[PDB]
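Quick notes on the structure that follows.
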Amino acid sequence: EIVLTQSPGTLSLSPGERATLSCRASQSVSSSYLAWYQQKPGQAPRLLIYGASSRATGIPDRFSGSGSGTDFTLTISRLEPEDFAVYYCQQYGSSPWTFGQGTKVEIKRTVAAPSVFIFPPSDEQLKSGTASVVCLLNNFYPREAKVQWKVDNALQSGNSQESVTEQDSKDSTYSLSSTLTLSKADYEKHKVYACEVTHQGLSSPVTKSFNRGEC
Amino acid sequence: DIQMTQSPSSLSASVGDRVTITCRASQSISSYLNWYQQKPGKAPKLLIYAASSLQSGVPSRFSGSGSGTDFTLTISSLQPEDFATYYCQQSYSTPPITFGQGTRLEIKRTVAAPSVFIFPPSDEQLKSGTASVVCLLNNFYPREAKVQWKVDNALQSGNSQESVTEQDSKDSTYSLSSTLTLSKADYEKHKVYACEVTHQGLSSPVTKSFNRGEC
Amino acid sequence: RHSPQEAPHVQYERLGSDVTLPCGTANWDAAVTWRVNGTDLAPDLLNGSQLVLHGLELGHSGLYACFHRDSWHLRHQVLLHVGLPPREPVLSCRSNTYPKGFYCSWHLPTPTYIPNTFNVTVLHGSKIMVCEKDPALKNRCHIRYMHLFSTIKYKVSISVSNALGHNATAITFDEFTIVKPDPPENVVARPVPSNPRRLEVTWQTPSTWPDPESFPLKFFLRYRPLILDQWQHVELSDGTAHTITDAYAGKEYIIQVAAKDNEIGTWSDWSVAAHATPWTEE
Amino acid sequence: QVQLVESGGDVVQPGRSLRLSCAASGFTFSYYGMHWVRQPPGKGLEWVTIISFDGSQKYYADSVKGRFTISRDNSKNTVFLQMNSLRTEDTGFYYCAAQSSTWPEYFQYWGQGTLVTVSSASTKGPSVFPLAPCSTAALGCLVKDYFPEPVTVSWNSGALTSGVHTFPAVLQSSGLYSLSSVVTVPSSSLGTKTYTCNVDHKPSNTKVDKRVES
Amino acid sequence: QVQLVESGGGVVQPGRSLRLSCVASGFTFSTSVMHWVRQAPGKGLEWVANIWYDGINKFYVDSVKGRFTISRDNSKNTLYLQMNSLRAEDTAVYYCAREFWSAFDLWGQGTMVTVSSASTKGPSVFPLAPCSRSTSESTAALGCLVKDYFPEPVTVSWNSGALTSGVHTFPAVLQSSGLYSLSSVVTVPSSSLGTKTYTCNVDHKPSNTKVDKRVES
């Protein structure tokens, strides 16, 4: 089994620049049996270059590939708005058909400060027996960001889930949704609930908090 | 693949007599045959395996002979607890395992005359939309009997269902009931209803009729 | 399994592997004996009603049949075949006729004891080829040329599979490096009564070349005695004739020649033989 | 001492799938192979599938190929039969049997079986109608438009059982069953002796009494 | 034109069996090699099985050996895949390939297969609003929460489809309870909270449940 390693994990470039991808294997690829794919969110993969140097039928001339043995590079002439997707590499010749980890290409823009909001659990969920506190992040960039949960100056770990959306079509921003799931017996015991979010576009981390029993 | 053919499909004989059952196959099987006994309302029970070997706990009156393509299931003296359905199963080709159509044994008695009656539709049957008049057959033998349905000597077909009972435990008689299903339109369009039966023990068909508005 | 009148099944296994052979859908505690080629086996290799084989070799293949204990009644049959997974094929293309098409041969380095399935795909850039085959052999489809001096390289790939594995290989080349004509035929040598140190040497052109007038060839001549073992190399110009002037007086000789195009191709193999001694005055 | 029980059978529409359970006991379940034989009402037996003693070889009949799936667990001694894409013609009593270890092979053990009724018609309540003529006379009451079986019919709180002939249910084209019961008593009883039939239905929660008299 | 269509996949319980089908069109199905490639939600591709044109040679991966069975029919130009004894790590989207140059030339639209005992249950909506009442910044935020629903998907609309600016529907997450959960938020000015009404509409076709919630301060 040959493990395919792609670098980097995420490539942030503006439309109109040269984007070069890499896919390094564990052993030498036999007979240059390497292929490149393109998969859009919600669609099927699309073969781009077979044999690492031969384009497929219908693929534009901007795509080009090279390499020999272990180190293969996929180079695009210039980026287009419909060229931002996830690319994979395929290995064959010394092992069954295996794929790489994948490389995501996103649009590059200026940094944006997030607008953080917090929402307490509703009365219906409380009377049901569960309490979920959601902390909202809206219109931030880039993707690199983490949210810290604090329940009465106590850091929580393992009891929170985060979900992020794709890039927007107009402003190309992100939005993250972190939720703190607790039961009814654990919610009424504490008093305050805070959500501390740090980001590159922020000098110091922002803290949004509310007090239980007053709203 | 292999199709099993039994002969006959039904046999009538008294106790103490010698009954022979034949099971025919579609090809040549050496000894791969099994004989089962299934009573109404209970699981089948094996009697003789390999068509010649009696199972432990089976009376010596049961016997089996024949090989190649034709087999034979013979009973020395018929007992009252032996009237049941017998099947022959081949164990040569697997899959599939094929069984015979079955051979049901019945009790033998003298021929008797039935007692036929008719029942007009009730008053609660009028206000619904359909009218069902039934014709009863009771205490007849053998089971082979054909009934006639005529409205003013008009022949009907495909508009009647009948069901027969099993052999009685005292005198081994039969009883059959046929229902004529017609809506109120065709019931009020006609006035006279008849039912005639044809049986071996009857010289002439018994007539039991009525007309609408008279009853 | 199915009826005992059926033909035995075909089951492939690997060399040195371990496999169990049951007697069809029979139970575990049933009396069952096994026979290979009509010879009964020992009860040490029976796990109840199944046949357990350890260390499969080339001598374990054959017809395995299931019978009743101390009987000749057949229950189950199976044909066991031992083979190895395929290796990387050796693909090599050769253009025996430059104006016409070429051909490609392929074979496995390590032989396999089970039948194989081969599929070859030839590409000329981005186009597709058919390579209609007309040989007396197989494993060849004889790709035919369509363009000349196209500067586009060809791509050939052959894929092989088996009941235990699969493999494939591919090569790339141009329309000039695979050119190699056949050696000439009927290379006869004759003595010369006019000169003491002379030998008449005349050969022909290969019959496979259909168009030699538009594409001439260059011949490499090698003449050597039978005891000196020192071969001589003399390259000739256009022509199928030569004249040597420094040979033996009476001893024998062997002369071999090859062929090669003017600007493209590779040198061909040598001819069959030649034997003639110069004339002796007596 | 060998016991074979089955579970998982009742009325299911042809749009849903079912699964049968067969628990063996009294013998080594891991050494024997389990069979499955079904029997539609009023017909003979029919083999369905077969699984090996370990669980490597599975064979199905062409009538249920691609829709049925058999499995077994040698640890808990339970046989499973995933019946998918049911239909009305698959109605009948399924039997759990085990093959023999001798030669030739046969079916040694059997279970009591389970009933699997498959019809689109759902549960409905029975409606009764008296049947009287208009020597020896005959009286009775007719039961129509009920689902599912069975239904208990008695006369005079069970104090009368001579001359009662209850006919089996007839599957009409409307998806519901119907049967009848007749009682024959001497003609000197129609003046004073009045008879009534008692109809019972447990699933549909129906208990109807009807006085039969002309 | 050339196309591949998949069918025969759906939600199932662990230990059951399924059967997929891949119908070919536009090319010679009898003279081509077929493959099966799956992709777990949020993961990469993975080869599953392989079969040649004649149909005798079959190959599988070590993770599905003994449980899966691939087949094909050259007369009907279809490709089957018998899946038996499905486990939890079999949830993926299967595709079909052609293997032109060992590169999987052609692909299909895919088919989602879910293997879990989630015991399908209708969704539930809870209103989300900031409990503090501050008009300092002219922009505010609202939304409604959806939890404990199965299976996917769920379409969320606001004002019966009359509000689409500033709506951010987050992807569903798989909780430890076997049920999915998502959230929706809207960004509206602070002055529009006292007069205008904002309602979110949640529907679930596998359960035929339409529940709307009045979300306001």
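Per-chain residue numbering starts at 1, and chain names A, B, C, D and E are given in the order in which the chains are listed.
Everything that follows uses one rule, which is that a residue touches a chain if its C-beta (ideal position, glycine included) is under 8 Å from a C-beta of that chain, and two chains touch if they have at least 3 such contacts.
Contact count check for A-C and A-E (C-beta pairs in contact): higher for A-E.
Between the Cα centres of subunit B and subunit E there is a gap of 57 Å.
Distance between subunit A and subunit D, defined via averaged C-alpha coordinates, is recorded as 59 Å. If each chain is reduced to the centroid of its CA atoms, subunit D and subunit E end up 42 Å from each other. Averaged C-alpha coordinates give centres for subunit C and subunit D that are 70 Å from one another.
Counting partners per residue, subunit D has 50, 59, 100, 105 as the residues that reach two or more other chains. Residue positions of subunit C touching 2 or more other chains, listed in rising order: 24-25, 123, 157, 168.
Multi-chain contact residues, meaning those touching two or more other chains, occur in subunit B at positions 94-95. Looking at which chains touch one another, you get A-C, A-E, B-C, B-D, C-D, C-E, D-E. Listing the residues of subunit A that touch subunit E in their complex gives 33, 35, 37, 44-47, 50-51, 54, 56, 88, 90, 92-93, 96-102, 115, 117-122, 124-125, 132, 134, 136, 138, 161, 163-165, 175, 177, 179, 181, 210, 214-215.
Subunit D contributes residues 66, 69, 71, 82 to its touches with subunit E in the complex.
Residues of subunit C that touch subunit A in their complex: 88, 123, 126, 155, 157, 168-171. The touching residues of subunit C, counted against subunit E in their complex, run 117, 121, 123, 157, 159, 161-163, 166, 168. Per the touch definition, subunit E reaches subunit D in the complex via residues 15-17, 19, 84.
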